[PDB]
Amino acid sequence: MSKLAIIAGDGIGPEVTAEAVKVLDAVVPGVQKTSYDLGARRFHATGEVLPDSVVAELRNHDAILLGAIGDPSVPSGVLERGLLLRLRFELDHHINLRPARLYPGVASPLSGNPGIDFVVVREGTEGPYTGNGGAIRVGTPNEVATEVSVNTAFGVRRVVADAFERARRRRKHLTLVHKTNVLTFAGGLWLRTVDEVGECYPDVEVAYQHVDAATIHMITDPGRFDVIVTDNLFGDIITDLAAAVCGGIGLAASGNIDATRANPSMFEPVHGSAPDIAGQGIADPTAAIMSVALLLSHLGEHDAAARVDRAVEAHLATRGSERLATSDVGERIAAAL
């Protein structure tokens, strides 16, 4: 590891992040941690969302651990577009890594406890999630609104390369998910890029599914997936579907990765700030701790990451339906390290 920027953020972010940090401290001692109040606290204190110079400080660290951002006290989208999206674009988090594993101790909403262990690699910096478009004649029967998705060989190849790498390290199956029959230009780019990068991974079996079909298979046959690669919009949907079939976004972790390592990558539990339960010591820190494993793995701390993975699995396997405070979960996971 070495230098960690911590953005515990809002709501339940601080309490879960505290546990995640405790776990990180217990598996890799001697980490320099810099804590940032970014999100609602900083926004109320200073009016600042993601000050240019904050991005600059964040670059000084090996990685970022984020809790959650969002509070009903801050005006709509201010933090989401100005903090979270911006960080992702500024730090070139082109890889959104979203593992979906159904652990012993976690109920799936699917019938009959299938083994599920896949990872979604979602393109994170292009497509229509970027804000490109416009409207005319707004608020009239004549309104026309356009949304433009920009896709690039540059963006796509990076994410595809990363997904193949991950497939190679896993069960050597990659599923491209897109909608090539109807998004013919973006889909054509995705397909060809998968094929082309595929030439370097003859050991990786490649499948293609339309996103609607993939959605079905996530529900009926989620064990068919090893690594899924997809674009920003479809990945947004299917990573949430993945989390749901694996017991929910409350047990999902996310990596926002600059594979070039030029910028620090960021890791966070998928869940939001849940302001309604903020600071009650109710929130489950499991996902935030799981995001620490992701962070460790990204940084090459494979044994440390393995330790956290094991400790998480241990906690999920015996928690049963016990009401456990946030610090109790952290204690349980820490004890299994």
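Note that residue numbering follows the sequence shown and begins at 1.
Greater mean Cα temperature factor according to the PDB record, 52-60 or 281-289
The deposited B-factors put 52-60 ahead on the C-alpha mean.
Mean CA B-factor: is it higher for 25-33 or for 64-72?
-> Between 25-33 and 64-72, it is 25-33.
Quiz item: Looking at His178, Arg98, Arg169, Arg192, which has the biggest Cα B factor in the entry?
Solution: Reading the PDB entry, the winner on C-alpha B-factor is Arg169.
Name the residue from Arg122, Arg137, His173, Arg81 with the greatest C-alpha temperature factor listed in the entry.
Out of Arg122, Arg137, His173, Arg81, the record gives the largest C-alpha B-factor to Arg81.
Where does the C-alpha B-factor of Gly39 rank in its chain, lowest, middle or highest third? Answer is middle: the recorded C-alpha B-factor places it there.
- prompt: Of the three thirds of its chain by CA temperature factor, lowest, middle or highest, which one includes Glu268?
  reply: Its C-alpha B-factor belongs to the lowest third of this chain's values.
| field | Position of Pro109 among the chain's modelled residues by C-alpha B-factor, lowest, middle or highest third | value | Answer is middle: the recorded C-alpha B-factor places it there.
Q.
Splitting the chain's C-alpha B-factors into thirds, which one does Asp328 fall into?
A. Middle third - that is where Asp328 ends up once the chain's C-alpha B-factors are sorted.
**Item:** Relative C-alpha B-factor of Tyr103, binned into the chain's lowest, middle or highest third
**Value:** CA B-factor rank for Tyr103: lowest third.
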